[PDB]
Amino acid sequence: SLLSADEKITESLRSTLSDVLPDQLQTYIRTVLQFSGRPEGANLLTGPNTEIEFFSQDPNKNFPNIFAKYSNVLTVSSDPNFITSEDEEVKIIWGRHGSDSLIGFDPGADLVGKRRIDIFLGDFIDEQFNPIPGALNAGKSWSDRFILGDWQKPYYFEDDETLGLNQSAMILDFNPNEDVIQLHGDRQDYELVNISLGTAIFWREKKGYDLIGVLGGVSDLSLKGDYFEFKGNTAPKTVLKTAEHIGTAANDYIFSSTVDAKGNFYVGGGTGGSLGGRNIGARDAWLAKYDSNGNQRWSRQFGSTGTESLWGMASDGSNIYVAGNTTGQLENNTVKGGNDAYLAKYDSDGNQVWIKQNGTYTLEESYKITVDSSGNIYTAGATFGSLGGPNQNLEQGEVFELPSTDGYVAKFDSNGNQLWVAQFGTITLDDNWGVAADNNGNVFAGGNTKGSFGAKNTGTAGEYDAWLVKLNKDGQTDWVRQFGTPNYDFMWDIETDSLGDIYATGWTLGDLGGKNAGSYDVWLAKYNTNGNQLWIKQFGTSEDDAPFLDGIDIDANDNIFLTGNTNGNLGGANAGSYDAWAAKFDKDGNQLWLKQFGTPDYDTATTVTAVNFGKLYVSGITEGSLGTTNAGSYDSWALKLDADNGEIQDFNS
């Protein structure tokens, strides 16, 4: 019976949210939701007002740590939730700009009996907090997809004698004119109830009801509305049986790839399941080796009871170096506080040689790694602390400036000894999305900034620009460059060619290398070793086109390969939702080919690696059945392409 559902839902959500979320975070959230005009969730947080310790050096009190522990803050891009992990009872999942595919509940995780509330914000963009109107994106919003179930099962589903209040989504900014709520089954499986908070979505069967989600501030919806997408009960039909399929019942992601000197191909990423080994807890890091004929030689899985991923990998020709972040304590290491970065070394036989966990009392992230021809290793990332030197935003002064990251680069020898760490940026946000060594002892880094790092930012409201830094063999800066439009421009990855010139790829909402075709467009920029911008190419469709994650590689012939996602007809007719794409360019930016592939469901490439004089590998993630039947939520895939024309080959030969 749905009698008194309103009262029961409010008391359940209030009790769980107020029991789980720290008082500092409750105080912060209450302030934000009231200021923003999304106040429905506020009365659910009843902890006392508490001083927010934005700059505490105690890892347990440091507010960036607290906020990060209970949130997935996504990017200005159209994001899948690439950071989701079953490590907390309550999570705030914040899509920000772009058309986000928002998930927080892993249907393959053992969550029986666990309290689970995912609080979703599809947009709630940064511009809402602008004291001054007129910013280019003020008042803009995007179609976000809130994933509350799929072909396999409803999410947040306890399937018991209660109303199923212990697990539920709470979507705070659902706009039925733009957004979509994705549900398992069909409309006859649900009942909507108007409640004080908005709308309750109940799964309904003969034996009773189970609360799947609450939509704050919206009432009088219809399950016949096109803003509900029902997924039935049957896994998607398989396409691209030529691909290598990697998947478990849980969320599985390839985030990076590399090749060794013998042509063996490696992939890796994160998994909520038991992919390379038995799951240790929440998301673990994993990697796998394939021979050049496509046979898997081994898979390995590592981490902690907390959350970690492999975000980058590279080879010295034999060994495989891997980099990412962790929320826990890795083997043979000590935590530095909050989230930390790590570098690890695997030999060609899959033996873990060592792991080095590094960081400060506050949050580090690290998505990038490169290995030079001498065998030294560079990682890069961002830090809220003072890792390579004092953070540009050290403490709170008379003018408050929100705690913010600087970029860093760290150099290591083959035994994992740290040779130096460099840190740089502005008082505001500076993130890292690239690292690449040249042949002459230098290393480049790149990323995004809200500030004026290498040049005056032409945005009027702190919109992102791209930046590049050249460091010498000792970690000293030789130059800093910055480029962009007045709108958001976002870098994903960088790489050098055989001459030592530096290339970067990303997306733009403006006219960076030419007239924007619509929405997000792709760019490729080239700088010489002396910091001169040589050219920027921009291309796309009228729809949303972007590289993603490990989006560039350069082969021994100085051909450039890019990869990412598009919801347009970029390389061909779109199969449905976002598809993957890849492209090849020469060193002067002439585009040699452009291909698109995927399933009728959401796909994105995440990594591209070219074998010198061999095959091209494009790998990524999907909600569809790519290679074989989807085993649960996100699965991953690798495609072997002919590098001359982008045509897909059978993975196994």
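One-based numbering along the sequence shown.
In this crystal structure, the stretch out of 88-96 and 207-215 whose C-alpha atoms carry the higher mean B factor is 207-215.
A summary of the deposited B-factors shows that, of 103-111 and 444-452, the stretch with the larger mean C-alpha value is 103-111. Residue-level inspection of the entry shows that, of 274, 199, 574, 516, 199 has the top Cα B-factor. Remark: of 243, 409, 468, 163, 163 shows the highest value [criterion: C-alpha B-factor in the PDB entry]. Among all modelled residues in its chain, residue 30 ranks in the highest third by Cα B-factor.
Per-chain ranking of the deposited C-alpha B factor places residue 616 in the middle third.
Sorting the modelled residues of the chain by their CA temperature factor places residue 368 in the lowest third. Residue 190 sits in the highest third of its chain by CA B factor, as recorded in the PDB entry. Per-chain ranking of the deposited C-alpha B factor places residue 587 in the middle third.
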